[PDB]
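*Asks:* If you scroll down you'll find the structure; I have some questions about it.
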Number of protein chains: 2
Amino acid sequence: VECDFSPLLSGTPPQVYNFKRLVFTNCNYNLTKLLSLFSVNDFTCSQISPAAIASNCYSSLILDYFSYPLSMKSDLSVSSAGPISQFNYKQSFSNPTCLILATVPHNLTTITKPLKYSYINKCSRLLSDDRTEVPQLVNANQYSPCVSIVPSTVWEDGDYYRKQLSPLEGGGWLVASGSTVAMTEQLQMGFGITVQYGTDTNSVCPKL
Amino acid sequence: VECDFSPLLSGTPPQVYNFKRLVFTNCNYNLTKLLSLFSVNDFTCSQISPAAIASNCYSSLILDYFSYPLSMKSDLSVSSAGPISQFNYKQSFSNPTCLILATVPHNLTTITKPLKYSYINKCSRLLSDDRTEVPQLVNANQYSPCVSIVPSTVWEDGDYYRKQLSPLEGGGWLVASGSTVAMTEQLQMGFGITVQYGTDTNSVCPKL
Ligand SMILES: *[C@@H]1O[C@H](CO)[C@@H](O)[C@H](O)[C@H]1NC(C)=O
């Protein structure tokens, strides 16, 4: 009962490529209660509406959250080759999904701002001819291949990261670069919601 | 006239974190001559080519040199994943740069070898909540913060270095650790060249 959204509200939210995932089964939610704490700037979904997602019964509810600047809202779409959607964060194309951009108010003191917003601007793989670069696109529900060599906070805008791969990995080099965006007055976050429907398993139902 | 590259030839070159920086203005260089003294093993550039950096006029020419083993060439190509560009040395993002990895030949007698190669493997900041490590990484065209606690040669591999920082710089600790690599028969060095272009001030020109 009463699925718990506190860990979203405690501490510094990770950057987009290090998004923290919360999974909910066999409990009951009030989504609009959580969103009342925030200034909601954007709310868009796919195969579901904002009204429907707050009042439907699921077999599973996944909620990713991270720090995200409102400047880069257009990067959060697969239509455009934005670095975020190619290399940092990508939602399932086969489940109903929603994406929420929100501003943490000042009265909400339990969330703490990082120094800045970081993100991966490139994650590619160098082939054995040492000439071809192949992009390494992030998959749905997975972190980027390049998170192993990119720190949780980009130190300097334009930093470059590389890792020599073993024969078991396929050879070549894994190359990444990170960029940073200046912190805003109030922290701005992203929230990705995914839901699954079952047959009898629909055990995440709204509270009333 | 008379850019002077000879101090690079007299004495013992420092370690990578103590790189000696020579700044040249209003003179005439012949870099090909300098490079003939050595047995160059790698010549890599950014926003400039080796042909171009030898035959162009600049408003400033910065030359850094230090002792560096060739077996750590991989520790260079990783850059912000490895500790050399985190803690020891990082060239400009904003001006064009080249990095040359060279061997001292025996004919060169005025360059004496040091005991071993030393580099900083960790330089972080313990807070006063006595776990908190916050790394203190290097910026472009700057030295590591932890030089002030690290000797010119790391005595033994793994040595730790701590100094408490005063309340007026902030309070807590500054810890660092060092790592060593056995000296080779013939000294191996590394050269970093950075160039700036001026409006009319491009006085540093090649010799004709
Ligand atoms: C959720 O909580 C809000 C107040 O924060 C309330 O207005 C709303 O009716 C609640 N919704 C449900 C489904 O319990």
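The chains in the structure tokens are called A, B, ... from first to last as shown; in each chain the residues are counted from 1, and the ligands are counted from 1 in the order shown.
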At a cut-off of 7 Å, can you tabulate as JSON lines every residue of chain A near ligand 1 together with its closest atom pair and the distance in Å to one decimal, using only C-alpha atoms and all ligand atoms and ordering rows by chain then number?
*Replies:*
{"residue": "A:30", "atom": "CA", "partner": "ligand 1", "partner_atom_place_in_ligand_line": "1 (C)", "distance": 5.0}
{"residue": "A:31", "atom": "CA", "partner": "ligand 1", "partner_atom_place_in_ligand_line": "1 (C)", "distance": 6.8}
{"residue": "A:32", "atom": "CA", "partner": "ligand 1", "partner_atom_place_in_ligand_line": "1 (C)", "distance": 5.3}
{"residue": "A:33", "atom": "CA", "partner": "ligand 1", "partner_atom_place_in_ligand_line": "5 (O)", "distance": 3.7}
{"residue": "A:36", "atom": "CA", "partner": "ligand 1", "partner_atom_place_in_ligand_line": "5 (O)", "distance": 6.1}
{"residue": "A:206", "atom": "CA", "partner": "ligand 1", "partner_atom_place_in_ligand_line": "13 (C)", "distance": 5.9}
{"residue": "A:207", "atom": "CA", "partner": "ligand 1", "partner_atom_place_in_ligand_line": "14 (O)", "distance": 4.9}
{"residue": "A:208", "atom": "CA", "partner": "ligand 1", "partner_atom_place_in_ligand_line": "14 (O)", "distance": 4.6}
*Asks:* Go ahead and save the residues from that selection, with C-alpha atoms, as a compact mmCIF listing (two decimals), in the first residue's frame.
*Replies:*
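The new file again06.txt reads:
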# COMPACT_ATOMS: atom_id res chain seq x y z
CA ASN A 30 -1.58 9.68 -5.50
CA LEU A 31 0.49 11.26 -8.28
CA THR A 32 -1.10 14.72 -8.10
CA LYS A 33 -0.07 14.87 -4.43
CA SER A 36 1.75 19.66 -6.03
CA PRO A 206 -4.65 5.08 -7.48
CA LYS A 207 -5.59 5.95 -3.91
CA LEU A 208 -9.07 7.17 -2.98
*Asks:* Cα-based RMSD, chain B fitted onto chain A, all atoms paired in sequence order: value?
*Replies:*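 When all C-alpha atoms are superposed, the deviation is 0.9 Å.
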*Asks:* Record the distance separating atom CA of residue B:40 and atom CA of residue B:103, expressed in Å with one decimal.
*Replies:*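 Separating atom CA of residue B:40 from atom CA of residue B:103 is a distance of 6.2 Å.
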*Asks:* Near residue A:91, counting only C-alpha atoms, which residues have an atom at most 12 Å away, once you skip same-chain residues fewer than 3 positions from it, shown as a ChimeraX atom specification?
*Replies:* /A:19,45-46,62-64,76-78,84-88,94-99,138-143,191-195
*Asks:* Taking only C-alpha atoms into account, report as a list in words which residues of chain B lie within 6 Å of chain A.
*Replies:*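 Listed by rising number, the hits are residues 78, 79, 80 and 81 of chain B.
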*Asks:* Any chance you could export the current selection's N, CA, C and O atoms as a tab-separated table (two decimals), in the first residue's frame?
*Replies:*
chain	number	residue	atom	x	y	z
B	78	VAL	N	43.19	8.56	-22.67
B	78	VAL	CA	42.00	8.23	-21.90
B	78	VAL	C	41.33	9.47	-21.31
B	78	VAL	O	40.40	9.34	-20.52
B	79	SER	N	41.75	10.67	-21.72
B	79	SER	CA	42.32	11.66	-20.82
B	79	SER	C	41.58	11.84	-19.49
B	79	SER	O	42.18	11.63	-18.43
B	80	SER	N	40.30	12.20	-19.50
B	80	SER	CA	39.69	12.48	-18.21
B	80	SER	C	39.20	11.22	-17.49
B	80	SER	O	38.67	11.32	-16.38
B	81	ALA	N	39.40	10.04	-18.09
B	81	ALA	CA	39.17	8.78	-17.40
B	81	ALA	C	40.40	8.36	-16.59
B	81	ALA	O	40.27	7.70	-15.56
